[PDB]
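Below is my_file.cif, which holds mmCIF, C-alpha atoms and all ligand atoms.
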data_run
loop_
_atom_site.label_atom_id
_atom_site.label_comp_id
_atom_site.auth_asym_id
_atom_site.auth_seq_id
_atom_site.Cartn_x
_atom_site.Cartn_y
_atom_site.Cartn_z
CA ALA A 107 5.73 -17.68 -4.49
CA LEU A 108 3.42 -16.05 -1.93
CA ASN A 109 0.42 -13.58 -2.19
CA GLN A 110 1.87 -10.43 -0.55
CA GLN A 111 -1.50 -9.17 0.61
CA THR A 112 -1.96 -11.97 3.17
CA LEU A 113 1.21 -14.21 2.95
CA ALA A 114 -0.65 -17.09 1.43
CA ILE A 115 1.28 -20.06 -0.06
CA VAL A 116 0.17 -19.66 -3.74
CA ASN A 117 2.28 -22.15 -5.70
CA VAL A 118 5.66 -23.69 -4.93
CA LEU A 119 8.38 -22.27 -7.28
CA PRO A 120 11.48 -23.55 -8.83
CA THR A 121 14.47 -23.29 -6.50
CA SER A 122 16.46 -21.34 -9.03
CA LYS A 123 19.15 -19.64 -6.82
CA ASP A 124 20.60 -16.33 -8.08
CA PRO A 125 22.45 -16.86 -11.47
CA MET A 126 22.12 -13.66 -13.46
CA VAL A 127 24.85 -13.06 -16.15
CA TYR A 128 26.86 -15.55 -13.93
CA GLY A 129 25.82 -18.78 -15.49
CA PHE A 130 23.31 -17.75 -18.13
CA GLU A 131 25.93 -16.90 -20.91
CA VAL A 132 26.39 -19.79 -23.28
CA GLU A 133 28.61 -18.65 -26.11
CA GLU A 134 30.70 -20.88 -28.04
CA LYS A 135 29.47 -19.87 -31.45
CA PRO A 136 31.61 -17.68 -33.79
CA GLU A 137 34.14 -15.90 -34.05
CA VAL A 138 35.72 -18.85 -32.24
CA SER A 139 34.17 -22.12 -33.42
CA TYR A 140 35.18 -25.50 -34.92
CA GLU A 141 36.46 -23.89 -38.16
CA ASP A 142 39.06 -22.15 -35.84
CA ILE A 143 40.82 -25.34 -35.04
CA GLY A 144 44.15 -24.13 -36.43
CA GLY A 145 46.79 -24.52 -33.73
CA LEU A 146 48.85 -25.82 -31.66
CA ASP A 147 47.08 -28.84 -32.89
CA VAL A 148 48.27 -31.49 -30.35
CA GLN A 149 47.33 -29.05 -27.56
CA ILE A 150 43.74 -28.84 -28.96
CA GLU A 151 43.54 -32.59 -29.29
CA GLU A 152 44.45 -33.17 -25.66
CA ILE A 153 41.46 -31.13 -24.75
CA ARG A 154 39.28 -33.39 -27.06
CA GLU A 155 40.47 -36.65 -25.42
CA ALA A 156 39.92 -35.20 -21.92
CA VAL A 157 36.58 -33.56 -22.56
CA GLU A 158 34.69 -34.45 -25.81
CA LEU A 159 35.57 -38.08 -25.71
CA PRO A 160 34.00 -38.91 -22.36
CA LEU A 161 30.99 -36.74 -23.26
CA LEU A 162 30.38 -38.33 -26.67
CA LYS A 163 31.74 -41.82 -26.01
CA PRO A 164 31.10 -42.05 -22.15
CA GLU A 165 31.16 -45.81 -22.36
CA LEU A 166 34.77 -46.19 -23.31
CA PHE A 167 35.60 -45.04 -19.86
CA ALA A 168 33.68 -48.00 -18.37
CA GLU A 169 35.45 -50.49 -20.55
CA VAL A 170 38.84 -49.44 -19.44
CA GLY A 171 37.53 -48.95 -15.85
CA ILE A 172 38.97 -45.44 -15.10
CA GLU A 173 37.37 -42.06 -14.62
CA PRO A 174 37.80 -39.26 -17.12
CA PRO A 175 40.02 -36.15 -16.24
CA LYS A 176 38.53 -33.53 -13.94
CA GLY A 177 39.61 -30.61 -15.86
CA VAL A 178 42.00 -29.42 -18.47
CA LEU A 179 44.28 -26.69 -17.13
CA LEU A 180 45.38 -24.59 -20.04
CA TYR A 181 48.02 -22.08 -19.39
CA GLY A 182 50.77 -20.32 -21.25
CA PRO A 183 52.14 -16.88 -22.31
CA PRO A 184 49.23 -14.52 -23.31
CA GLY A 185 47.80 -14.29 -26.81
CA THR A 186 49.35 -17.67 -27.85
CA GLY A 187 46.08 -18.80 -27.07
CA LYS A 188 43.77 -20.49 -24.65
CA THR A 189 40.56 -18.51 -25.16
CA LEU A 190 40.79 -20.01 -28.68
CA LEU A 191 41.06 -23.67 -27.77
CA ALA A 192 38.40 -23.63 -25.03
CA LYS A 193 35.68 -22.08 -27.19
CA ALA A 194 36.11 -24.46 -30.27
CA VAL A 195 36.03 -27.54 -28.23
CA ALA A 196 32.87 -26.30 -26.50
CA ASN A 197 31.17 -25.67 -29.91
CA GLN A 198 31.82 -29.14 -31.07
CA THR A 199 30.21 -30.88 -27.95
CA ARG A 200 27.10 -28.51 -27.90
CA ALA A 201 26.42 -28.81 -24.17
CA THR A 202 26.09 -26.61 -21.19
CA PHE A 203 29.11 -24.39 -21.52
CA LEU B 58 5.28 15.69 -11.51
CA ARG B 59 2.33 14.01 -9.94
CA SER B 60 2.64 11.01 -12.33
CA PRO B 61 4.04 8.14 -10.20
CA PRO B 62 7.62 6.77 -10.14
CA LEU B 63 8.31 3.29 -11.60
CA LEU B 64 10.48 0.89 -9.60
CA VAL B 65 13.81 -0.16 -10.97
CA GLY B 66 15.00 -3.64 -10.10
CA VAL B 67 17.23 -6.22 -11.88
CA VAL B 68 16.01 -9.58 -13.21
CA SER B 69 17.05 -12.45 -11.03
CA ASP B 70 15.68 -15.31 -13.18
CA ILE B 71 12.98 -15.80 -15.84
CA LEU B 72 10.00 -17.98 -15.03
CA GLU B 73 8.48 -20.07 -17.66
CA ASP B 74 5.12 -19.41 -16.02
CA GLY B 75 4.72 -16.04 -17.88
CA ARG B 76 6.19 -14.48 -14.72
CA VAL B 77 9.62 -12.96 -14.08
CA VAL B 78 11.37 -13.21 -10.68
CA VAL B 79 12.96 -9.71 -10.21
CA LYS B 80 15.28 -9.00 -7.36
CA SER B 81 14.30 -5.47 -6.50
CA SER B 82 16.59 -2.86 -5.14
CA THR B 83 14.05 -2.39 -2.32
CA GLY B 84 15.45 -5.41 -0.60
CA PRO B 85 12.73 -7.96 -1.24
CA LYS B 86 12.42 -10.08 -4.36
CA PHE B 87 9.07 -9.93 -6.09
CA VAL B 88 7.37 -12.25 -8.49
CA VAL B 89 5.84 -9.98 -11.11
CA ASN B 90 3.81 -10.58 -14.25
CA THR B 91 4.72 -9.36 -17.68
CA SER B 92 2.91 -6.93 -19.92
CA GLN B 93 2.44 -6.65 -23.71
CA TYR B 94 5.55 -4.40 -23.97
CA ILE B 95 7.59 -7.19 -22.36
CA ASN B 96 9.06 -9.98 -24.57
CA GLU B 97 11.75 -12.71 -23.90
CA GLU B 98 14.11 -11.34 -26.50
CA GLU B 99 14.77 -8.07 -24.60
CA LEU B 100 14.76 -9.85 -21.20
CA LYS B 101 17.90 -11.47 -19.93
CA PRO B 102 18.87 -12.26 -16.31
CA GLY B 103 20.62 -9.00 -15.56
CA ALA B 104 17.81 -6.98 -17.25
CA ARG B 105 17.02 -3.64 -15.41
CA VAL B 106 13.35 -3.43 -15.65
CA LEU C 58 -3.91 -19.24 3.50
CA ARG C 59 -5.59 -15.86 4.02
CA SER C 60 -5.11 -16.05 7.83
CA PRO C 61 -3.14 -13.13 9.47
CA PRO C 62 0.53 -14.21 9.31
CA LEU C 63 1.51 -15.57 12.65
CA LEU C 64 4.96 -14.06 13.08
CA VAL C 65 7.65 -16.05 14.82
CA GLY C 66 9.26 -14.71 17.90
CA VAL C 67 11.74 -16.35 20.24
CA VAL C 68 11.10 -15.83 23.98
CA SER C 69 14.07 -13.56 24.53
CA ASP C 70 13.08 -12.40 27.88
CA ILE C 71 10.30 -13.17 30.22
CA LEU C 72 8.72 -11.50 33.24
CA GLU C 73 6.42 -12.82 36.01
CA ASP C 74 3.94 -9.99 35.36
CA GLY C 75 2.38 -11.60 32.19
CA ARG C 76 4.80 -9.92 29.88
CA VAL C 77 7.04 -11.82 27.63
CA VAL C 78 9.59 -10.02 25.41
CA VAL C 79 9.72 -11.92 22.23
CA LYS C 80 12.53 -11.03 19.82
CA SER C 81 10.53 -10.97 16.59
CA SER C 82 12.06 -12.13 13.36
CA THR C 83 11.12 -8.68 11.76
CA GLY C 84 14.10 -7.34 13.64
CA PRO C 85 13.01 -5.53 16.78
CA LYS C 86 11.75 -7.03 20.00
CA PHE C 87 8.12 -6.54 21.16
CA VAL C 88 6.79 -7.00 24.70
CA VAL C 89 3.54 -8.79 24.32
CA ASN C 90 1.01 -10.45 26.72
CA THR C 91 0.25 -14.07 25.91
CA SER C 92 -3.23 -15.44 25.36
CA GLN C 93 -5.19 -17.90 27.41
CA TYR C 94 -4.18 -20.81 25.13
CA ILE C 95 -0.52 -20.45 26.01
CA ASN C 96 0.71 -20.05 29.49
CA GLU C 97 3.98 -18.75 30.95
CA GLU C 98 4.77 -22.41 32.04
CA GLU C 99 5.15 -23.35 28.31
CA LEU C 100 7.30 -20.35 27.59
CA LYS C 101 10.89 -20.97 28.26
CA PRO C 102 13.88 -19.22 26.70
CA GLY C 103 14.74 -20.58 23.23
CA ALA C 104 11.15 -21.31 22.62
CA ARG C 105 10.09 -20.33 19.17
CA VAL C 106 6.44 -19.15 19.39
CA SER D 253 51.91 -12.42 -3.51
CA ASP D 254 51.22 -11.21 0.01
CA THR D 255 50.83 -7.63 -0.61
CA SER D 256 47.75 -5.45 -1.18
CA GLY D 257 49.48 -2.62 -3.04
CA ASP D 258 50.59 -5.00 -5.77
CA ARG D 259 48.28 -7.85 -5.30
CA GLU D 260 44.83 -6.31 -5.61
CA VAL D 261 45.86 -4.24 -8.60
CA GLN D 262 46.91 -7.52 -10.15
CA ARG D 263 43.51 -9.29 -9.77
CA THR D 264 41.75 -6.34 -11.50
CA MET D 265 44.53 -6.43 -14.11
CA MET D 266 43.76 -10.25 -14.55
CA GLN D 267 40.12 -9.20 -15.01
CA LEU D 268 41.07 -6.71 -17.71
CA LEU D 269 43.19 -9.20 -19.74
CA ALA D 270 40.05 -10.82 -20.25
CA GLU D 271 37.35 -8.35 -20.65
CA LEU D 272 39.08 -5.91 -23.05
CA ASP D 273 39.52 -8.79 -25.30
CA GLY D 274 38.40 -11.96 -23.71
CA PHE D 275 35.54 -14.19 -23.85
CA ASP D 276 32.96 -11.66 -24.82
CA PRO D 277 32.60 -10.49 -28.51
CA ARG D 278 33.67 -7.76 -30.48
CA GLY D 279 30.89 -4.97 -30.35
CA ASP D 280 32.43 -1.91 -31.67
CA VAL D 281 35.43 -1.76 -29.16
CA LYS D 282 38.25 -0.98 -30.43
CA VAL D 283 39.78 0.10 -27.18
CA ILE D 284 42.21 2.96 -27.36
CA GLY D 285 44.83 2.33 -24.89
CA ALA D 286 47.40 5.02 -24.05
CA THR D 287 50.56 4.81 -21.95
CA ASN D 288 53.92 6.49 -21.25
CA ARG D 289 56.24 3.44 -21.32
CA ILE D 290 55.90 -0.20 -22.41
CA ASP D 291 58.73 -1.05 -20.07
CA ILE D 292 56.65 -1.54 -16.90
CA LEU D 293 53.51 -2.94 -18.58
CA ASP D 294 52.19 -6.49 -18.60
CA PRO D 295 53.19 -8.49 -21.73
CA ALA D 296 49.49 -9.13 -22.63
CA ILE D 297 48.79 -5.43 -23.28
CA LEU D 298 52.13 -5.34 -25.21
CA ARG D 299 51.29 -8.09 -27.64
CA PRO D 300 48.71 -7.76 -30.51
CA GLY D 301 45.46 -9.72 -31.05
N1 LIG A 401 46.50 -20.11 -32.66
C1 LIG A 401 45.70 -19.03 -33.00
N2 LIG A 401 45.41 -18.61 -34.27
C2 LIG A 401 44.76 -17.46 -34.45
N3 LIG A 401 44.24 -16.61 -33.61
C3 LIG A 401 44.56 -16.94 -32.34
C4 LIG A 401 45.28 -18.11 -31.99
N4 LIG A 401 45.46 -18.09 -30.63
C5 LIG A 401 44.82 -17.07 -30.19
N5 LIG A 401 44.22 -16.30 -31.19
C6 LIG A 401 43.44 -15.09 -31.14
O1 LIG A 401 44.27 -14.04 -30.64
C7 LIG A 401 43.43 -13.00 -30.01
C8 LIG A 401 44.01 -12.55 -28.65
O2 LIG A 401 44.35 -13.55 -27.71
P1 LIG A 401 43.43 -13.86 -26.42
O3 LIG A 401 43.32 -12.67 -25.59
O4 LIG A 401 42.20 -14.46 -26.88
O5 LIG A 401 44.34 -15.05 -25.61
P2 LIG A 401 44.94 -15.92 -24.18
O6 LIG A 401 46.27 -16.58 -24.41
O7 LIG A 401 43.80 -16.82 -23.78
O8 LIG A 401 44.98 -14.66 -22.97
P3 LIG A 401 45.09 -13.83 -21.48
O9 LIG A 401 46.35 -14.40 -20.91
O10 LIG A 401 45.27 -12.39 -21.95
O11 LIG A 401 43.76 -14.12 -20.72
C9 LIG A 401 42.05 -13.61 -30.06
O12 LIG A 401 41.21 -13.09 -31.09
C10 LIG A 401 42.23 -15.12 -30.20
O13 LIG A 401 41.12 -15.79 -30.78
MG MG A 402 42.60 -15.42 -22.45
#

Show me this structure written as structure tokens.
Amino acid sequence: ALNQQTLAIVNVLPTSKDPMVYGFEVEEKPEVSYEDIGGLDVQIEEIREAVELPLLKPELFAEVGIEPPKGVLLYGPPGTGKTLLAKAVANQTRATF
Amino acid sequence: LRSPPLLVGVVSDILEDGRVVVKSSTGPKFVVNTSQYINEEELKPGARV
Amino acid sequence: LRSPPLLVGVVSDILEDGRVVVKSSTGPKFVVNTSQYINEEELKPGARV
Amino acid sequence: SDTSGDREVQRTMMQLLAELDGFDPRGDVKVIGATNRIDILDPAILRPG
């Protein structure tokens, strides 16, 4: 931050980049939450092993000596669901979605 | 008519110093200070102000 | 901090008559004549000043 | 793929699939969609939810 009058170095800011709506949105709360876990239930679980399990139990991955997955690619015909899925799993972890 | 214009710009980030970084439409980005009519609830990053 | 902002130019051209065309970082170029602290021996092309 | 008359209109279509009902909640839309055939429309508009 600088004083505009004379270009004086006032106080060093936060580097904070330019995230506006971009990253700021965190929604994971209802409608879609962890009482919408009716599926397609193996497909939801796969997400949990990949994602929640290294977050919550990060140490199991050391014991075995692997890395956790880098991503869970959900795809399918529309409406069947994958908006579903992603949001419930996020709500359970409660992290930076 | 002689009352002045007020500058529209869009909120880049929120500073936790009581300040708001606003990326103005001017071209520069300005660090500006809140007023009593400003509150965190109605601000968002993406807030025209 | 209050000091007049010493704007940066890059010796974009030079002349043997005292004048040195500095492309200023504002956008445009200026032709300015250098002080007695700095000399035209010190001013080579590519020299940020 | 490898068109611009039927590529670009598909990446603004992919945006729609996905904004009209997507991530974002609800509100009060209720989007009234209107069309002349369902025989040259994407199967996501065609289905309910
Ligand atoms: N298994 C499910 N049970 C109930 N509701 C579901 C289920 N799967 C999806 N839905 C709901 O169906 C509605 C419409 O589907 P949505 O657009 O969310 O899906 P998608 O397969 O991720 O889509 P697109 O391909 O269009 O991006 C939503 O309200 C969503 O929560
Ligand atoms: Mg979807």

With only C-alpha atoms as the counted atoms, please give the residues lying no more than 10 Å from range 265-274 of chain D, apart from itself and same-chain residues fewer than 3 positions off, as a PDB file with C-alpha atoms, keeping the file's coordinate frame.
ATOM      1  CA  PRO A 184      49.230 -14.520 -23.310  1.00  0.00           C
ATOM      2  CA  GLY A 185      47.800 -14.290 -26.810  1.00  0.00           C
ATOM      3  CA  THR A 189      40.560 -18.510 -25.160  1.00  0.00           C
ATOM      4  CA  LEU A 190      40.790 -20.010 -28.680  1.00  0.00           C
TER       5      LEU A 190
ATOM      6  CA  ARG D 259      48.280  -7.850  -5.300  1.00  0.00           C
ATOM      7  CA  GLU D 260      44.830  -6.310  -5.610  1.00  0.00           C
ATOM      8  CA  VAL D 261      45.860  -4.240  -8.600  1.00  0.00           C
ATOM      9  CA  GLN D 262      46.910  -7.520 -10.150  1.00  0.00           C
ATOM     10  CA  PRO D 277      32.600 -10.490 -28.510  1.00  0.00           C
ATOM     11  CA  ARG D 278      33.670  -7.760 -30.480  1.00  0.00           C
ATOM     12  CA  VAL D 281      35.430  -1.760 -29.160  1.00  0.00           C
ATOM     13  CA  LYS D 282      38.250  -0.980 -30.430  1.00  0.00           C
ATOM     14  CA  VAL D 283      39.780   0.100 -27.180  1.00  0.00           C
ATOM     15  CA  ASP D 294      52.190  -6.490 -18.600  1.00  0.00           C
ATOM     16  CA  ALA D 296      49.490  -9.130 -22.630  1.00  0.00           C
ATOM     17  CA  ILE D 297      48.790  -5.430 -23.280  1.00  0.00           C
ATOM     18  CA  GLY D 301      45.460  -9.720 -31.050  1.00  0.00           C
TER      19      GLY D 301
END

**OP:** Give me, as number ranges by chain, the contact residues of chain B against chain A at a cut-off of 10 Å, counting only C-alpha atoms.
**Re:** B: 67-74, 78, 80, 87-88, 101-104

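Chain C and chain B, identical in sequence, superpose over all their Cα atoms with an RMSD of 1.0 Å.
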
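In this comparison, which uses all atoms listed in the file, the residue of B:100, B:66, B:58, B:105 approaching residue 86 in chain B most closely is B:66.
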
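Nearest to ligand LIG 401 (chain A) of all the residues D:256, D:291, D:298, D:280 is D:298, based on only C-alpha atoms and all ligand atoms.
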
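Nearest residue to ligand MG 402 (chain A), choosing from D:264, D:289, D:276, D:257 and counting all atoms listed in the file: D:276.
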
Please tabulate, as CSV, the residues of chain A that come within 12 Å of ligand MG 402 (chain A), each with its closest pair of atoms and the distance in Å to one decimal, counting all atoms listed in the file and ordering rows by chain, then residue number upward.
residue,atom,partner,partner_atom,distance
A:180,CA,A:MG402,MG,9.9
A:181,CA,A:MG402,MG,9.1
A:182,CA,A:MG402,MG,9.6
A:183,CA,A:MG402,MG,9.7
A:184,CA,A:MG402,MG,6.7
A:185,CA,A:MG402,MG,6.9
A:186,CA,A:MG402,MG,8.9
A:187,CA,A:MG402,MG,6.7
A:188,CA,A:MG402,MG,5.6
A:189,CA,A:MG402,MG,4.6
A:190,CA,A:MG402,MG,7.9
A:191,CA,A:MG402,MG,9.9
A:192,CA,A:MG402,MG,9.6
A:193,CA,A:MG402,MG,10.7

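Remark: for ligand LIG 401 (chain A), the closest of the candidate residues D:292, D:253, D:263, D:275 is D:275 (distances computed over only C-alpha atoms and all ligand atoms).
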